[PDB]
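Heads up, entry-v2.txt below (compact mmCIF, C-alpha atoms and all ligand atoms):
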```txt
# COMPACT_ATOMS: atom_id res chain seq x y z
CA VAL A 1 91.33 124.59 128.64
CA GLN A 2 88.23 124.29 126.46
CA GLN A 3 89.55 127.20 124.42
CA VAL A 4 91.18 124.56 122.24
CA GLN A 5 87.89 122.67 121.99
CA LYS A 6 86.07 125.77 120.78
CA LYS A 7 88.81 126.54 118.26
CA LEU A 8 88.81 122.99 116.89
CA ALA A 9 85.01 123.00 116.64
CA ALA A 10 85.15 126.29 114.73
CA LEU A 11 87.95 124.99 112.50
CA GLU A 12 85.84 121.95 111.58
CA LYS A 13 82.63 123.91 110.98
CA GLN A 14 84.48 126.40 108.79
CA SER A 15 86.16 123.59 106.85
CA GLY A 16 82.84 121.95 106.06
CA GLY A 17 84.26 118.51 106.79
CA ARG A 18 84.76 116.06 109.66
CA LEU A 19 87.86 116.56 111.80
CA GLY A 20 89.53 113.95 113.98
CA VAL A 21 92.23 114.91 116.46
CA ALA A 22 94.10 113.04 119.17
CA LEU A 23 97.00 114.62 121.02
CA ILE A 24 98.94 112.83 123.72
CA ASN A 25 101.35 114.86 125.84
CA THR A 26 103.88 112.36 127.20
CA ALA A 27 104.88 114.90 129.84
CA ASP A 28 101.85 114.06 131.99
CA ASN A 29 99.80 111.81 129.70
CA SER A 30 97.11 114.46 129.24
CA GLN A 31 95.11 114.32 126.00
CA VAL A 32 93.32 116.69 123.63
CA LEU A 33 90.48 114.83 121.94
CA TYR A 34 88.07 115.73 119.13
CA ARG A 35 86.05 112.86 117.64
CA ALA A 36 89.00 110.80 118.89
CA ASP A 37 86.93 107.60 119.05
CA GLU A 38 85.28 107.95 115.63
CA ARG A 39 86.63 105.98 112.66
CA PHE A 40 88.41 107.65 109.74
CA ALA A 41 89.92 106.09 106.62
CA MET A 42 93.71 105.93 107.13
CA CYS A 43 94.97 106.40 103.52
CA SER A 44 98.80 106.29 103.47
CA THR A 45 99.04 106.55 107.25
CA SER A 46 98.37 102.82 107.54
CA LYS A 47 101.86 102.44 106.09
CA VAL A 48 103.31 103.08 109.56
CA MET A 49 101.71 100.03 111.16
CA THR A 50 102.74 98.09 108.07
CA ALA A 51 106.40 99.12 108.17
CA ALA A 52 106.38 98.48 111.91
CA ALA A 53 105.19 94.91 111.35
CA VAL A 54 108.24 94.29 109.19
CA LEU A 55 110.50 95.86 111.82
CA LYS A 56 108.93 93.54 114.41
CA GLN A 57 109.99 90.53 112.34
CA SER A 58 113.58 91.80 112.20
CA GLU A 59 113.70 91.43 115.98
CA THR A 60 113.74 87.64 115.61
CA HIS A 61 114.74 87.19 111.96
CA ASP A 62 118.30 88.42 111.63
CA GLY A 63 119.16 90.55 108.60
CA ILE A 64 115.64 90.26 107.19
CA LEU A 65 115.74 94.02 106.45
CA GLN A 66 118.47 93.30 103.89
CA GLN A 67 116.36 90.67 102.13
CA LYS A 68 115.70 91.47 98.49
CA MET A 69 112.52 91.66 96.44
CA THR A 70 112.29 92.19 92.70
CA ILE A 71 110.35 95.11 91.22
CA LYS A 72 108.46 94.23 88.03
CA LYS A 73 106.76 96.58 85.58
CA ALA A 74 103.60 94.79 86.72
CA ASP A 75 103.99 95.76 90.37
CA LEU A 76 103.74 99.47 89.59
CA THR A 77 100.62 101.18 90.93
CA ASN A 78 99.25 104.73 90.78
CA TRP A 79 102.23 106.16 92.67
CA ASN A 80 105.78 104.80 92.45
CA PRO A 81 108.19 107.73 92.98
CA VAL A 82 110.96 105.40 94.18
CA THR A 83 110.05 101.92 92.95
CA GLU A 84 109.66 103.07 89.35
CA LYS A 85 113.41 103.68 89.51
CA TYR A 86 113.98 99.96 90.08
CA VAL A 87 111.77 98.29 87.47
CA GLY A 88 113.66 95.11 86.66
CA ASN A 89 115.95 95.17 89.69
CA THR A 90 115.76 94.64 93.45
CA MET A 91 115.13 96.68 96.59
CA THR A 92 115.78 95.49 100.14
CA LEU A 93 112.93 95.51 102.65
CA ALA A 94 114.62 98.47 104.36
CA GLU A 95 114.68 100.41 101.09
CA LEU A 96 111.07 99.42 100.46
CA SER A 97 110.03 100.47 103.95
CA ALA A 98 111.88 103.76 103.54
CA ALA A 99 110.20 104.31 100.18
CA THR A 100 106.66 103.74 101.48
CA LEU A 101 107.23 105.88 104.56
CA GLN A 102 109.23 108.81 103.18
CA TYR A 103 107.74 109.13 99.68
CA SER A 104 104.50 107.23 100.26
CA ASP A 105 105.42 104.85 97.43
CA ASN A 106 102.38 102.59 96.81
CA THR A 107 104.26 99.86 94.97
CA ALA A 108 106.61 99.62 97.92
CA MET A 109 103.61 99.31 100.26
CA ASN A 110 102.14 96.39 98.31
CA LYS A 111 105.58 94.79 98.29
CA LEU A 112 105.67 94.92 102.09
CA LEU A 113 102.11 93.56 102.25
CA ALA A 114 103.03 90.69 99.95
CA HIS A 115 106.02 89.96 102.19
CA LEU A 116 103.82 90.00 105.31
CA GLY A 117 101.17 87.79 103.74
CA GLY A 118 98.46 90.40 103.27
CA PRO A 119 96.66 93.22 105.15
CA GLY A 120 95.17 90.76 107.61
CA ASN A 121 98.68 90.24 108.98
CA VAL A 122 99.12 93.95 109.64
CA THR A 123 95.81 93.90 111.51
CA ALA A 124 97.07 90.94 113.54
CA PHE A 125 100.25 92.86 114.37
CA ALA A 126 98.13 95.81 115.56
CA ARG A 127 96.17 93.49 117.83
CA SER A 128 99.43 92.05 119.20
CA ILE A 129 100.43 95.53 120.41
CA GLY A 130 97.04 96.14 121.99
CA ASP A 131 95.41 98.10 119.17
CA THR A 132 91.90 96.67 118.80
CA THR A 133 90.62 99.46 116.56
CA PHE A 134 93.06 99.43 113.65
CA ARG A 135 92.15 97.31 110.65
CA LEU A 136 93.79 96.94 107.26
CA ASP A 137 91.57 95.23 104.69
CA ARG A 138 92.82 96.03 101.21
CA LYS A 139 96.09 96.75 99.39
CA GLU A 140 97.06 99.79 97.30
CA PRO A 141 95.22 101.58 95.84
CA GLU A 142 91.78 100.18 96.81
CA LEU A 143 92.44 100.95 100.48
CA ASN A 144 92.04 104.63 99.59
CA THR A 145 88.33 104.70 98.75
CA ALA A 146 87.57 106.30 102.14
CA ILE A 147 83.84 105.85 101.58
CA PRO A 148 81.78 107.50 104.36
CA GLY A 149 80.42 104.83 106.69
CA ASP A 150 82.74 102.12 105.37
CA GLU A 151 84.81 100.65 108.22
CA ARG A 152 87.43 99.08 105.97
CA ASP A 153 90.98 100.39 106.34
CA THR A 154 90.05 102.70 109.21
CA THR A 155 91.02 103.45 112.78
CA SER A 156 90.38 106.16 115.38
CA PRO A 157 92.59 109.17 116.05
CA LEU A 158 93.11 108.02 119.65
CA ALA A 159 93.85 104.40 118.74
CA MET A 160 96.41 105.50 116.16
CA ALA A 161 97.95 107.99 118.60
CA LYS A 162 98.36 105.30 121.25
CA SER A 163 99.84 102.84 118.76
CA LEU A 164 102.21 105.41 117.26
CA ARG A 165 103.36 106.15 120.82
CA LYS A 166 103.83 102.48 121.69
CA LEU A 167 105.80 101.99 118.48
CA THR A 168 108.05 105.06 118.62
CA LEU A 169 108.41 105.68 122.35
CA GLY A 170 107.06 102.56 124.06
CA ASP A 171 107.98 98.88 123.98
CA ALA A 172 106.01 97.60 120.97
CA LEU A 173 109.33 97.47 119.11
CA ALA A 174 112.87 96.70 120.29
CA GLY A 175 115.49 99.44 120.60
CA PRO A 176 117.10 99.09 117.14
CA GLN A 177 113.76 98.75 115.36
CA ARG A 178 112.26 101.63 117.35
CA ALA A 179 115.21 103.83 116.30
CA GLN A 180 114.75 102.89 112.64
CA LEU A 181 111.03 103.74 112.70
CA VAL A 182 111.72 107.10 114.33
CA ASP A 183 114.53 107.75 111.85
CA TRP A 184 112.20 106.94 108.97
CA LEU A 185 109.38 109.14 110.27
CA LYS A 186 111.77 112.07 110.71
CA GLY A 187 112.93 111.55 107.14
CA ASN A 188 109.44 111.96 105.71
CA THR A 189 109.49 114.27 102.70
CA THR A 190 105.75 114.85 102.20
CA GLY A 191 104.70 116.45 105.49
CA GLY A 192 105.84 120.01 104.82
CA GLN A 193 102.31 121.38 104.42
CA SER A 194 100.60 119.42 107.20
CA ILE A 195 101.15 119.13 110.97
CA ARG A 196 104.70 120.45 110.49
CA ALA A 197 103.32 123.66 108.95
CA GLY A 198 101.61 124.50 112.23
CA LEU A 199 104.70 124.10 114.41
CA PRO A 200 107.68 126.33 115.25
CA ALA A 201 110.30 125.58 112.56
CA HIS A 202 113.01 124.30 114.92
CA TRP A 203 110.86 121.62 116.58
CA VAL A 204 111.85 118.08 115.55
CA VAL A 205 109.14 115.98 113.93
CA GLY A 206 108.57 112.46 112.72
CA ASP A 207 105.39 111.93 110.69
CA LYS A 208 103.42 110.10 108.04
CA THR A 209 100.92 111.93 105.89
CA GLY A 210 98.07 110.59 103.83
CA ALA A 211 95.43 111.78 101.40
CA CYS A 212 92.72 109.93 99.55
CA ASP A 213 89.12 110.06 98.26
CA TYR A 214 86.48 112.30 99.82
CA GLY A 215 89.18 114.91 100.26
CA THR A 216 90.54 112.84 103.13
CA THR A 217 93.72 114.48 104.38
CA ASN A 218 95.64 112.89 107.27
CA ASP A 219 98.84 113.05 109.27
CA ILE A 220 100.17 111.27 112.34
CA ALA A 221 103.33 112.40 114.09
CA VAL A 222 105.58 112.45 117.11
CA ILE A 223 106.64 115.99 118.05
CA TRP A 224 109.63 116.97 120.18
CA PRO A 225 109.11 120.57 121.33
CA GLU A 226 112.69 121.70 121.99
CA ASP A 227 113.84 119.89 125.14
CA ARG A 228 110.32 119.12 126.39
CA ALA A 229 108.52 115.76 126.56
CA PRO A 230 107.34 114.40 123.15
CA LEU A 231 103.85 115.04 121.80
CA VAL A 232 102.03 112.32 119.85
CA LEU A 233 99.54 113.82 117.42
CA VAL A 234 96.98 112.44 115.00
CA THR A 235 95.03 114.78 112.72
CA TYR A 236 92.47 113.08 110.51
CA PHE A 237 90.17 114.97 108.15
CA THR A 238 87.55 113.90 105.61
CA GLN A 239 84.89 115.66 103.49
CA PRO A 240 81.38 115.08 101.97
CA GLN A 241 82.33 115.06 98.27
CA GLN A 242 84.21 112.09 96.87
CA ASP A 243 86.12 114.51 94.65
CA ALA A 244 86.87 117.09 97.35
CA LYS A 245 90.29 118.75 97.30
CA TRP A 246 92.81 117.95 100.01
CA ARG A 247 93.05 120.29 103.00
CA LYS A 248 96.56 120.02 104.40
CA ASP A 249 96.07 123.54 105.76
CA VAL A 250 93.30 122.22 108.00
CA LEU A 251 95.69 119.79 109.69
CA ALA A 252 98.27 122.55 110.09
CA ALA A 253 95.67 124.75 111.80
CA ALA A 254 94.58 121.91 114.04
CA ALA A 255 98.22 121.21 114.93
CA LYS A 256 98.86 124.84 115.85
CA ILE A 257 95.69 124.92 117.93
CA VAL A 258 96.56 121.90 120.06
CA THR A 259 100.34 122.36 120.33
CA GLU A 260 100.46 126.12 120.88
CA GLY A 261 102.35 126.77 124.09
CA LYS A 262 103.59 123.19 124.54
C1 LIG A 301 98.44 108.17 100.77
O1 LIG A 301 97.61 108.61 101.59
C2 LIG A 301 98.42 108.35 99.16
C3 LIG A 301 99.78 109.14 99.08
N1 LIG A 301 100.29 109.62 100.32
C4 LIG A 301 100.63 110.90 100.32
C5 LIG A 301 101.10 111.54 101.50
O2 LIG A 301 101.47 112.88 101.52
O3 LIG A 301 101.16 110.90 102.57
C6 LIG A 301 100.54 111.44 99.07
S1 LIG A 301 99.92 113.15 98.78
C7 LIG A 301 101.20 114.16 97.91
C8 LIG A 301 100.91 115.63 97.93
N2 LIG A 301 99.82 115.56 96.89
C9 LIG A 301 100.42 114.89 95.73
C10 LIG A 301 101.22 115.88 94.77
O4 LIG A 301 101.19 117.05 95.25
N3 LIG A 301 102.59 115.51 94.42
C11 LIG A 301 102.72 115.29 93.01
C12 LIG A 301 103.68 116.31 94.95
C13 LIG A 301 101.38 113.83 96.41
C14 LIG A 301 99.87 110.36 98.19
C15 LIG A 301 98.48 111.02 97.87
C16 LIG A 301 98.42 106.93 98.44
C17 LIG A 301 97.50 105.98 99.17
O5 LIG A 301 98.20 107.05 97.12
```

Could I get this file's structure written as structure tokens?
Ligand SMILES: *C(=O)[C@@H]([C@@H]1NC(C(=O)O)=C(S[C@@H]2CN[C@@H](C(=O)N(C)C)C2)[C@@H]1C)[C@@H](C)O
Amino acid sequence: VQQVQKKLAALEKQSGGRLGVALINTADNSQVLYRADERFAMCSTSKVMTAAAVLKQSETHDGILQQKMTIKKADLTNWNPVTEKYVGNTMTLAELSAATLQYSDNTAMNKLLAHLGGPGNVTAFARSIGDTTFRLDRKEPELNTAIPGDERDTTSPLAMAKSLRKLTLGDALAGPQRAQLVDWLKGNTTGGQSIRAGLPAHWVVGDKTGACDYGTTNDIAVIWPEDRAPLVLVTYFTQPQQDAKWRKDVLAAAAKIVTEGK
């Protein structure tokens, strides 16, 4: 059905930006692709691979998720909805992971990066699960420049869709860790206006949004349409002006377009 292709193409043209979509239907492994092999800056969506790297460690290191880290007034970044509540005290890695994933807390992200030894370690983890496109280069907030043509902190919609699938439904993570990642993605509190907005209200969704410079507005999610096989969806969107406004409505439209009737 190229109807979807035409609709996506029109959506992009009308938006005046560059749209990236990758949908994987686990029912038969069919895919809906639109610039699925092009690179897009990930913004907060890179936080999923990051949190997953920590979960991977917990498979061998027992109780690591309960390990504590101190939050100093110096760790605070441009967005600390949760961490700012702990300046002077501690947060476990689980709490930190939850904070970065569900509230997109930047301080929490850098705390996880520090724990992992830097962005290069997240990239290594991605490679270990077969993702040869993903690449994390900087920490928060520099990783959000999203400069057109810059390959730093980018990935493709398809590569991210495959990795999200491997992580949440596949074998990239062990049972317990897989369940925690899914639980965290379902508990996201910032996706209300994105992919979720374009889906029937009773469908169950796990997702991670993101928004940064050049009006880059992203979202990656796993969708369970009632009792049907899960859908893995990545909607990436970026614009020409560095100061462009975010277009969460564009991702919602894209989501409706590709998931309608699934
Ligand atoms: C990540 O991409 C940045 C971070 N992540 C997200 C996100 O939704 O994933 C938010 S955007 C959110 C809606 N717009 C802002 C505002 O409306 N609030 C005050 C409610 C927050 C945030 C931009 C991170 C890299 O900085």

Produce the centre coordinates and the three edge lengths, each in Å to one decimal, of the box along x, y and z that contains all listed atoms of ligand LIG 301 (chain A) with 3 Å added on each side, as lines of an AutoDock Vina configuration file.
```
center_x = 100.6
center_y = 111.5
center_z = 97.8
size_x = 12.2
size_y = 17.1
size_z = 15.6
```

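Going from CA of residue 65 (chain A) over to CA of residue 90 (chain A), you cover 13.0 Å.
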
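Using all atoms listed in the file, the shortest contact distance between residue 196 (chain A) and any of A:254, A:169, A:109, A:27 is found at A:254.
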
| request: Fewer than 6 positions away in the same chain doesn't count, so skip those; otherwise give me all residues within 8 Å of residue 33 (chain A), counting all atoms listed in the file, as a PyMOL selection string. | output: chain A and resi 21-23+158

Since we have the selection now, will you write its residues out, keeping C-alpha atoms, as a PDB file, keeping the file's coordinate frame?
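Saved file again.pdb follows:
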```
ATOM      1  CA  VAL A  21      92.230 114.910 116.460  1.00  0.00           C
ATOM      2  CA  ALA A  22      94.100 113.040 119.170  1.00  0.00           C
ATOM      3  CA  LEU A  23      97.000 114.620 121.020  1.00  0.00           C
ATOM      4  CA  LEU A 158      93.110 108.020 119.650  1.00  0.00           C
TER       5      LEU A 158
END
```

| For the point (89.2, 104.9, 101.3) in file coordinates, what residues are within 12 Å, counting only C-alpha atoms? Give the answer as an MDAnalysis selection string? | chainID A and resid 39:46 136:155 210:218 238:239 242

Store the residues picked out above in a file with C-alpha atoms, as a CSV table (one decimal), in the coordinates of the input.
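Heads up, here's the output in out-v9.csv:
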```csv
chain,number,residue,atom,x,y,z
A,39,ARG,CA,86.6,106.0,112.7
A,40,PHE,CA,88.4,107.6,109.7
A,41,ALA,CA,89.9,106.1,106.6
A,42,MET,CA,93.7,105.9,107.1
A,43,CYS,CA,95.0,106.4,103.5
A,44,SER,CA,98.8,106.3,103.5
A,45,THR,CA,99.0,106.6,107.2
A,46,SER,CA,98.4,102.8,107.5
A,136,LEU,CA,93.8,96.9,107.3
A,137,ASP,CA,91.6,95.2,104.7
A,138,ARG,CA,92.8,96.0,101.2
A,139,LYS,CA,96.1,96.8,99.4
A,140,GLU,CA,97.1,99.8,97.3
A,141,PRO,CA,95.2,101.6,95.8
A,142,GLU,CA,91.8,100.2,96.8
A,143,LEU,CA,92.4,101.0,100.5
A,144,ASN,CA,92.0,104.6,99.6
A,145,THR,CA,88.3,104.7,98.8
A,146,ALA,CA,87.6,106.3,102.1
A,147,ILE,CA,83.8,105.8,101.6
A,148,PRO,CA,81.8,107.5,104.4
A,149,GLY,CA,80.4,104.8,106.7
A,150,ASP,CA,82.7,102.1,105.4
A,151,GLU,CA,84.8,100.6,108.2
A,152,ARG,CA,87.4,99.1,106.0
A,153,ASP,CA,91.0,100.4,106.3
A,154,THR,CA,90.0,102.7,109.2
A,155,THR,CA,91.0,103.4,112.8
A,210,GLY,CA,98.1,110.6,103.8
A,211,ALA,CA,95.4,111.8,101.4
A,212,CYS,CA,92.7,109.9,99.6
A,213,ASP,CA,89.1,110.1,98.3
A,214,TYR,CA,86.5,112.3,99.8
A,215,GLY,CA,89.2,114.9,100.3
A,216,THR,CA,90.5,112.8,103.1
A,217,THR,CA,93.7,114.5,104.4
A,218,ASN,CA,95.6,112.9,107.3
A,238,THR,CA,87.6,113.9,105.6
A,239,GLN,CA,84.9,115.7,103.5
A,242,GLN,CA,84.2,112.1,96.9
```

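In this model, the gap between atom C5 of ligand LIG 301 (chain A) and CA of residue 103 (chain A) comes to 7.3 Å.
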